[PDB]
file input-v8.cif (mmCIF, C-alpha atoms (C1' of nucleotides))
data_start
#
loop_
_atom_site.group_PDB
_atom_site.id
_atom_site.type_symbol
_atom_site.label_atom_id
_atom_site.label_comp_id
_atom_site.auth_asym_id
_atom_site.auth_seq_id
_atom_site.Cartn_x
_atom_site.Cartn_y
_atom_site.Cartn_z
ATOM 1 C CA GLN A 477 -132.855 -38.636 -18.515
ATOM 2 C CA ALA A 478 -135.197 -41.168 -20.131
ATOM 3 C CA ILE A 479 -136.327 -38.695 -22.796
ATOM 4 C CA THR A 480 -132.783 -37.540 -23.589
ATOM 5 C CA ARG A 481 -131.169 -40.989 -23.428
ATOM 6 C CA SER A 482 -133.688 -42.456 -25.891
ATOM 7 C CA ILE A 483 -133.825 -39.496 -28.290
ATOM 8 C CA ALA A 484 -130.117 -39.910 -29.103
ATOM 9 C CA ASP A 485 -130.425 -43.630 -29.955
ATOM 10 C CA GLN A 486 -133.465 -44.060 -32.232
ATOM 11 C CA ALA A 487 -133.956 -40.611 -33.782
ATOM 12 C CA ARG A 488 -130.399 -40.367 -35.144
ATOM 13 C CA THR A 489 -131.030 -43.153 -37.733
ATOM 14 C CA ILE A 490 -127.445 -44.420 -37.140
ATOM 15 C CA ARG A 491 -125.627 -45.931 -34.170
ATOM 16 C CA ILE A 492 -124.108 -42.956 -32.332
ATOM 17 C CA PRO A 493 -122.829 -43.424 -28.751
ATOM 18 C CA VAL A 494 -123.798 -41.106 -25.922
ATOM 19 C CA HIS A 495 -120.277 -39.774 -25.370
ATOM 20 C CA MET A 496 -119.973 -38.989 -29.084
ATOM 21 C CA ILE A 497 -123.227 -37.014 -29.164
ATOM 22 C CA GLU A 498 -122.370 -35.179 -25.942
ATOM 23 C CA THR A 499 -118.942 -34.263 -27.329
ATOM 24 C CA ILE A 500 -120.630 -33.045 -30.522
ATOM 25 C CA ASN A 501 -123.023 -30.912 -28.469
ATOM 26 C CA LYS A 502 -120.196 -29.450 -26.376
ATOM 27 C CA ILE A 503 -118.163 -28.668 -29.503
ATOM 28 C CA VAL A 504 -121.165 -26.996 -31.148
ATOM 29 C CA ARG A 505 -121.847 -24.937 -28.017
ATOM 30 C CA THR A 506 -118.238 -23.787 -27.664
ATOM 31 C CA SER A 507 -118.011 -23.009 -31.389
ATOM 32 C CA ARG A 508 -121.187 -20.912 -31.259
ATOM 33 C CA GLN A 509 -119.985 -19.080 -28.143
ATOM 34 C CA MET A 510 -116.595 -18.331 -29.708
ATOM 35 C CA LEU A 511 -118.174 -17.196 -32.983
ATOM 36 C CA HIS A 512 -120.513 -14.899 -31.041
ATOM 37 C CA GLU A 513 -118.016 -13.432 -28.545
ATOM 38 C CA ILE A 514 -114.634 -13.588 -30.325
ATOM 39 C CA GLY A 515 -114.837 -12.926 -34.056
ATOM 40 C CA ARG A 516 -116.408 -14.016 -37.333
ATOM 41 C CA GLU A 517 -116.013 -17.801 -37.107
ATOM 42 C CA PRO A 518 -114.042 -20.156 -34.823
ATOM 43 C CA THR A 519 -111.402 -22.187 -36.619
ATOM 44 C CA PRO A 520 -110.961 -25.913 -35.868
ATOM 45 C CA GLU A 521 -107.300 -25.315 -34.966
ATOM 46 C CA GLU A 522 -108.077 -23.238 -31.866
ATOM 47 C CA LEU A 523 -111.011 -25.509 -30.978
ATOM 48 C CA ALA A 524 -108.526 -28.201 -29.928
ATOM 49 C CA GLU A 525 -106.645 -25.931 -27.520
ATOM 50 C CA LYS A 526 -109.899 -24.430 -26.221
ATOM 51 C CA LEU A 527 -111.311 -27.881 -25.403
ATOM 52 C CA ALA A 528 -107.892 -29.412 -24.584
ATOM 53 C CA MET A 529 -108.202 -32.173 -27.186
ATOM 54 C CA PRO A 530 -105.889 -33.384 -29.960
ATOM 55 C CA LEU A 531 -106.240 -31.991 -33.461
ATOM 56 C CA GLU A 532 -106.870 -35.437 -34.957
ATOM 57 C CA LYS A 533 -109.771 -35.964 -32.540
ATOM 58 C CA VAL A 534 -111.385 -32.555 -33.068
ATOM 59 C CA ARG A 535 -110.913 -32.927 -36.828
ATOM 60 C "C1'" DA B 1 -63.207 -93.595 -88.996
ATOM 61 C "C1'" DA B 2 -63.721 -91.599 -82.987
ATOM 62 C "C1'" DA B 3 -65.063 -88.706 -77.997
ATOM 63 C "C1'" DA B 4 -66.174 -85.203 -74.132
ATOM 64 C "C1'" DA B 5 -68.872 -80.228 -72.698
ATOM 65 C "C1'" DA B 6 -72.201 -75.299 -72.690
ATOM 66 C "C1'" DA B 7 -76.789 -76.102 -71.703
ATOM 67 C "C1'" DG B 8 -80.644 -78.766 -69.441
ATOM 68 C "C1'" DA B 9 -81.947 -80.909 -64.972
ATOM 69 C "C1'" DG B 10 -81.533 -81.415 -60.248
ATOM 70 C "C1'" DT B 11 -80.711 -80.077 -56.166
ATOM 71 C "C1'" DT B 12 -78.291 -77.938 -51.668
ATOM 72 C "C1'" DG B 13 -77.542 -74.588 -48.533
ATOM 73 C "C1'" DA B 14 -78.141 -69.020 -47.699
ATOM 74 C "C1'" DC B 15 -80.678 -65.180 -47.020
ATOM 75 C "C1'" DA B 16 -84.868 -61.387 -47.795
ATOM 76 C "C1'" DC B 17 -89.361 -60.899 -46.396
ATOM 77 C "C1'" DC B 18 -94.190 -60.553 -45.465
ATOM 78 C "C1'" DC B 19 -98.455 -60.942 -43.505
ATOM 79 C "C1'" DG B 20 -100.292 -63.776 -38.905
ATOM 80 C "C1'" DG B 21 -100.842 -64.263 -34.240
ATOM 81 C "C1'" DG B 22 -99.937 -62.642 -29.770
ATOM 82 C "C1'" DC B 23 -98.580 -58.978 -25.964
ATOM 83 C "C1'" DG B 24 -99.651 -54.673 -24.817
ATOM 84 C "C1'" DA B 25 -101.855 -49.943 -24.311
ATOM 85 C "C1'" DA B 26 -104.898 -46.811 -25.113
ATOM 86 C "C1'" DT B 27 -109.155 -45.970 -25.520
ATOM 87 C "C1'" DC B 28 -114.696 -46.670 -26.795
ATOM 88 C "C1'" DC B 29 -119.935 -47.846 -25.247
ATOM 89 C "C1'" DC B 30 -123.373 -48.894 -21.513
ATOM 90 C "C1'" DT B 31 -125.581 -48.127 -17.631
ATOM 91 C "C1'" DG B 32 -127.095 -45.630 -13.714
ATOM 92 C "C1'" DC B 33 -127.387 -41.634 -10.654
ATOM 93 C "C1'" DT B 34 -128.405 -36.436 -10.065
ATOM 94 C "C1'" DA B 35 -133.074 -34.493 -4.777
ATOM 95 C "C1'" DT B 36 -136.336 -26.728 -3.885
ATOM 96 C "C1'" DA B 37 -141.349 -26.431 -7.004
ATOM 97 C "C1'" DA B 38 -142.172 -27.877 -12.069
ATOM 98 C "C1'" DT B 39 -148.602 -31.625 -13.915
ATOM 99 C "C1'" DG B 40 -153.520 -32.215 -21.140
ATOM 100 C "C1'" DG B 41 -150.765 -30.447 -27.822
ATOM 101 C "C1'" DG B 42 -149.786 -27.730 -33.204
ATOM 102 C "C1'" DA B 43 -150.361 -27.978 -38.367
ATOM 103 C "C1'" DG B 44 -153.801 -29.193 -41.959
ATOM 104 C "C1'" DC B 45 -156.999 -28.171 -45.545
ATOM 105 C "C1'" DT B 46 -161.335 -25.163 -47.022
ATOM 106 C "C1'" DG B 47 -160.272 -22.494 -55.467
ATOM 107 C "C1'" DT B 48 -161.755 -30.184 -59.723
ATOM 108 C "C1'" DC B 49 -165.608 -33.181 -60.443
ATOM 109 C "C1'" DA B 50 -167.863 -37.447 -61.163
ATOM 110 C "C1'" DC B 51 -168.461 -41.919 -60.340
ATOM 111 C "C1'" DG B 52 -168.937 -45.647 -57.552
ATOM 112 C "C1'" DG B 53 -170.108 -47.406 -53.963
ATOM 113 C "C1'" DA B 54 -170.619 -48.083 -48.258
ATOM 114 C "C1'" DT B 55 -173.432 -46.936 -44.042
ATOM 115 C "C1'" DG B 56 -178.207 -45.001 -41.239
ATOM 116 C "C1'" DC B 57 -183.927 -44.792 -39.911
#
call {"tool": "encode", "arguments": {"input": "input-v8.cif", "output": "structure tokens"}}
result
Amino acid sequence: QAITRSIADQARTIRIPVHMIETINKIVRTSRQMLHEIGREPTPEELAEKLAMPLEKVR
DNA sequence: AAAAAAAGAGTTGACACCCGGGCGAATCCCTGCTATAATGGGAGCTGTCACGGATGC
């Protein structure tokens, strides 16, 4: 926890909250999984319904 | 020879409105807490000299 909580604050070079970075990681993971087990590339339209988030937020 | 008014000023009410300041509500950032066992690290030159200087017995 100490190594992961501090790596996302100083190494990023810009102020990025923890929830933002965790959402980015989850989105990247789900996008990679969908691109690997669904088709050629996951579109941002279906990423909102897959994660149950608004389109303006995922965009 | 005389003698009053469209403008020119001056206001007086009458809206049209346009950001400001609150009331909300909806939502960001921080911080800590997770209980099987985790126990010393990965590049990098190394195919230029030559000078001019800094350590050692």
call {"tool": "interface_residues", "arguments": {"input": "input-v8.cif", "of": "chain A", "to": "chain B", "cutoff": "9 Å", "atoms": "all atoms listed in the file", "output": "list in words"}}
result
residues 493, 494 and 495 of chain A
call {"tool": "closest_residue", "arguments": {"input": "input-v8.cif", "among": "A:503, A:478, A:484, A:492", "to": "residue A:524", "atoms": "all atoms listed in the file"}}
result
A:503
call {"tool": "atom_distance", "arguments": {"input": "input-v8.cif", "atom1": "atom CA of residue A:522", "atom2": "atom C1' of residue B:26"}}
result
24.7 Å
call {"tool": "axis_aligned_box", "arguments": {"input": "input-v8.cif", "around": "stretch 8-22 of chain B", "padding_each_side": "8 Å", "output": "AutoDock Vina command-line options"}}
result
--center_x -89.2 --center_y -71.0 --center_z -49.6 --size_x 39.3 --size_y 36.9 --size_z 55.7
call {"tool": "closest_residue", "arguments": {"input": "input-v8.cif", "among": "A:521, A:507, A:481, A:490", "to": "residue A:534", "atoms": "only C-alpha atoms"}}
result
A:521
call {"tool": "closest_residue", "arguments": {"input": "input-v8.cif", "among": "A:499, A:514, A:505, A:480", "to": "residue A:529", "atoms": "all atoms listed in the file"}}
result
A:499
call {"tool": "atom_distance", "arguments": {"input": "input-v8.cif", "atom1": "atom CA of residue A:477", "atom2": "atom CA of residue A:496"}}
result
16.7 Å
call {"tool": "residues_around", "arguments": {"input": "input-v8.cif", "residues": "residue A:523", "least_positions_apart": "3", "cutoff": "12 Å", "atoms": "all atoms listed in the file", "output": "list in words"}}
result
residues 502, 503, 504, 505, 506, 507, 508, 509, 510, 511, 517, 518, 519, 520, 526, 527, 528, 529, 530, 531, 532, 533, 534 and 535 of chain A
call {"tool": "atom_distance", "arguments": {"input": "input-v8.cif", "atom1": "atom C1' of residue B:27", "atom2": "atom CA of residue A:483"}}
result
25.7 Å
call {"tool": "decode", "arguments": {"input": "input-v8.cif", "residues": "stretch 497-534 of chain A", "atoms": "N, CA and C atoms", "output": "PDB file, in the first residue's frame"}}
result
ATOM      1  N   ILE A 497      -6.655   7.554 -11.010  1.00  0.00           N
ATOM      2  CA  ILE A 497      -5.682   6.598 -11.528  1.00  0.00           C
ATOM      3  C   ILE A 497      -6.235   5.179 -11.463  1.00  0.00           C
ATOM      4  N   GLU A 498      -7.009   4.862 -10.420  1.00  0.00           N
ATOM      5  CA  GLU A 498      -7.590   3.525 -10.344  1.00  0.00           C
ATOM      6  C   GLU A 498      -8.658   3.327 -11.415  1.00  0.00           C
ATOM      7  N   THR A 499      -9.444   4.368 -11.706  1.00  0.00           N
ATOM      8  CA  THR A 499     -10.404   4.278 -12.799  1.00  0.00           C
ATOM      9  C   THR A 499      -9.697   4.123 -14.138  1.00  0.00           C
ATOM     10  N   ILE A 500      -8.583   4.835 -14.327  1.00  0.00           N
ATOM     11  CA  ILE A 500      -7.804   4.693 -15.555  1.00  0.00           C
ATOM     12  C   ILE A 500      -7.284   3.269 -15.693  1.00  0.00           C
ATOM     13  N   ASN A 501      -6.780   2.697 -14.596  1.00  0.00           N
ATOM     14  CA  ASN A 501      -6.268   1.332 -14.641  1.00  0.00           C
ATOM     15  C   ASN A 501      -7.377   0.334 -14.950  1.00  0.00           C
ATOM     16  N   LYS A 502      -8.544   0.501 -14.323  1.00  0.00           N
ATOM     17  CA  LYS A 502      -9.661  -0.399 -14.593  1.00  0.00           C
ATOM     18  C   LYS A 502     -10.120  -0.289 -16.042  1.00  0.00           C
ATOM     19  N   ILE A 503     -10.176   0.933 -16.575  1.00  0.00           N
ATOM     20  CA  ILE A 503     -10.586   1.122 -17.961  1.00  0.00           C
ATOM     21  C   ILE A 503      -9.576   0.489 -18.908  1.00  0.00           C
ATOM     22  N   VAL A 504      -8.282   0.642 -18.618  1.00  0.00           N
ATOM     23  CA  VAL A 504      -7.260   0.040 -19.469  1.00  0.00           C
ATOM     24  C   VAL A 504      -7.358  -1.480 -19.427  1.00  0.00           C
ATOM     25  N   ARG A 505      -7.581  -2.042 -18.236  1.00  0.00           N
ATOM     26  CA  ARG A 505      -7.689  -3.492 -18.105  1.00  0.00           C
ATOM     27  C   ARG A 505      -8.895  -4.023 -18.874  1.00  0.00           C
ATOM     28  N   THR A 506     -10.054  -3.380 -18.710  1.00  0.00           N
ATOM     29  CA  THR A 506     -11.247  -3.847 -19.406  1.00  0.00           C
ATOM     30  C   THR A 506     -11.112  -3.668 -20.913  1.00  0.00           C
ATOM     31  N   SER A 507     -10.476  -2.580 -21.356  1.00  0.00           N
ATOM     32  CA  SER A 507     -10.272  -2.377 -22.785  1.00  0.00           C
ATOM     33  C   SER A 507      -9.353  -3.443 -23.365  1.00  0.00           C
ATOM     34  N   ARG A 508      -8.267  -3.768 -22.660  1.00  0.00           N
ATOM     35  CA  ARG A 508      -7.369  -4.817 -23.135  1.00  0.00           C
ATOM     36  C   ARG A 508      -8.076  -6.165 -23.179  1.00  0.00           C
ATOM     37  N   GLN A 509      -8.853  -6.483 -22.140  1.00  0.00           N
ATOM     38  CA  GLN A 509      -9.569  -7.755 -22.116  1.00  0.00           C
ATOM     39  C   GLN A 509     -10.575  -7.846 -23.256  1.00  0.00           C
ATOM     40  N   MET A 510     -11.307  -6.759 -23.517  1.00  0.00           N
ATOM     41  CA  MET A 510     -12.284  -6.778 -24.599  1.00  0.00           C
ATOM     42  C   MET A 510     -11.602  -6.860 -25.958  1.00  0.00           C
ATOM     43  N   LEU A 511     -10.483  -6.153 -26.134  1.00  0.00           N
ATOM     44  CA  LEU A 511      -9.758  -6.228 -27.395  1.00  0.00           C
ATOM     45  C   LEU A 511      -9.159  -7.609 -27.619  1.00  0.00           C
ATOM     46  N   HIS A 512      -8.839  -8.327 -26.543  1.00  0.00           N
ATOM     47  CA  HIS A 512      -8.241  -9.649 -26.677  1.00  0.00           C
ATOM     48  C   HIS A 512      -9.269 -10.766 -26.812  1.00  0.00           C
ATOM     49  N   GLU A 513     -10.475 -10.594 -26.266  1.00  0.00           N
ATOM     50  CA  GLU A 513     -11.453 -11.675 -26.240  1.00  0.00           C
ATOM     51  C   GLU A 513     -12.761 -11.340 -26.950  1.00  0.00           C
ATOM     52  N   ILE A 514     -12.833 -10.222 -27.670  1.00  0.00           N
ATOM     53  CA  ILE A 514     -14.067  -9.850 -28.355  1.00  0.00           C
ATOM     54  C   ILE A 514     -13.806  -9.650 -29.842  1.00  0.00           C
ATOM     55  N   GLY A 515     -12.942  -8.695 -30.174  1.00  0.00           N
ATOM     56  CA  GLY A 515     -12.680  -8.375 -31.563  1.00  0.00           C
ATOM     57  C   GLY A 515     -11.354  -7.684 -31.794  1.00  0.00           C
ATOM     58  N   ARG A 516     -11.343  -6.697 -32.692  1.00  0.00           N
ATOM     59  CA  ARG A 516     -10.100  -6.026 -33.052  1.00  0.00           C
ATOM     60  C   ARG A 516      -9.737  -4.935 -32.050  1.00  0.00           C
ATOM     61  N   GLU A 517     -10.715  -4.118 -31.649  1.00  0.00           N
ATOM     62  CA  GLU A 517     -10.443  -3.010 -30.745  1.00  0.00           C
ATOM     63  C   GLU A 517     -11.740  -2.591 -30.080  1.00  0.00           C
ATOM     64  N   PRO A 518     -11.745  -2.352 -28.767  1.00  0.00           N
ATOM     65  CA  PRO A 518     -12.984  -1.946 -28.089  1.00  0.00           C
ATOM     66  C   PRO A 518     -13.262  -0.463 -28.304  1.00  0.00           C
ATOM     67  N   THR A 519     -14.486  -0.148 -28.690  1.00  0.00           N
ATOM     68  CA  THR A 519     -14.840   1.243 -28.927  1.00  0.00           C
ATOM     69  C   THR A 519     -15.253   1.923 -27.624  1.00  0.00           C
ATOM     70  N   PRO A 520     -15.024   3.235 -27.505  1.00  0.00           N
ATOM     71  CA  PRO A 520     -15.400   3.933 -26.263  1.00  0.00           C
ATOM     72  C   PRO A 520     -16.899   3.975 -26.016  1.00  0.00           C
ATOM     73  N   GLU A 521     -17.725   3.735 -27.034  1.00  0.00           N
ATOM     74  CA  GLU A 521     -19.170   3.732 -26.828  1.00  0.00           C
ATOM     75  C   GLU A 521     -19.594   2.567 -25.940  1.00  0.00           C
ATOM     76  N   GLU A 522     -19.145   1.353 -26.269  1.00  0.00           N
ATOM     77  CA  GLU A 522     -19.501   0.184 -25.476  1.00  0.00           C
ATOM     78  C   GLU A 522     -18.773   0.145 -24.138  1.00  0.00           C
ATOM     79  N   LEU A 523     -17.673   0.890 -23.996  1.00  0.00           N
ATOM     80  CA  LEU A 523     -16.954   0.904 -22.728  1.00  0.00           C
ATOM     81  C   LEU A 523     -17.788   1.527 -21.616  1.00  0.00           C
ATOM     82  N   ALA A 524     -18.706   2.430 -21.960  1.00  0.00           N
ATOM     83  CA  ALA A 524     -19.570   3.029 -20.949  1.00  0.00           C
ATOM     84  C   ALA A 524     -20.580   2.017 -20.424  1.00  0.00           C
ATOM     85  N   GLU A 525     -21.228   1.278 -21.329  1.00  0.00           N
ATOM     86  CA  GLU A 525     -22.194   0.271 -20.901  1.00  0.00           C
ATOM     87  C   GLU A 525     -21.513  -0.902 -20.208  1.00  0.00           C
ATOM     88  N   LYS A 526     -20.291  -1.245 -20.622  1.00  0.00           N
ATOM     89  CA  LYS A 526     -19.582  -2.348 -19.981  1.00  0.00           C
ATOM     90  C   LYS A 526     -19.208  -2.002 -18.545  1.00  0.00           C
ATOM     91  N   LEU A 527     -18.786  -0.764 -18.303  1.00  0.00           N
ATOM     92  CA  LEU A 527     -18.418  -0.312 -16.969  1.00  0.00           C
ATOM     93  C   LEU A 527     -19.568   0.365 -16.234  1.00  0.00           C
ATOM     94  N   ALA A 528     -20.708   0.568 -16.896  1.00  0.00           N
ATOM     95  CA  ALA A 528     -21.875   1.200 -16.282  1.00  0.00           C
ATOM     96  C   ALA A 528     -21.563   2.635 -15.861  1.00  0.00           C
ATOM     97  N   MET A 529     -21.015   3.402 -16.792  1.00  0.00           N
ATOM     98  CA  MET A 529     -20.660   4.796 -16.580  1.00  0.00           C
ATOM     99  C   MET A 529     -21.189   5.636 -17.729  1.00  0.00           C
ATOM    100  N   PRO A 530     -21.424   6.924 -17.497  1.00  0.00           N
ATOM    101  CA  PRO A 530     -21.911   7.792 -18.572  1.00  0.00           C
ATOM    102  C   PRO A 530     -20.877   7.950 -19.677  1.00  0.00           C
ATOM    103  N   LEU A 531     -21.368   8.331 -20.857  1.00  0.00           N
ATOM    104  CA  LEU A 531     -20.479   8.519 -21.998  1.00  0.00           C
ATOM    105  C   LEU A 531     -19.583   9.736 -21.808  1.00  0.00           C
ATOM    106  N   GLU A 532     -20.112  10.800 -21.198  1.00  0.00           N
ATOM    107  CA  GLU A 532     -19.303  11.991 -20.962  1.00  0.00           C
ATOM    108  C   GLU A 532     -18.170  11.716 -19.982  1.00  0.00           C
ATOM    109  N   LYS A 533     -18.382  10.806 -19.029  1.00  0.00           N
ATOM    110  CA  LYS A 533     -17.332  10.470 -18.075  1.00  0.00           C
ATOM    111  C   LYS A 533     -16.266   9.587 -18.714  1.00  0.00           C
ATOM    112  N   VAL A 534     -16.687   8.543 -19.432  1.00  0.00           N
ATOM    113  CA  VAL A 534     -15.728   7.664 -20.090  1.00  0.00           C
ATOM    114  C   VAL A 534     -14.970   8.411 -21.178  1.00  0.00           C
TER     115      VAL A 534
END
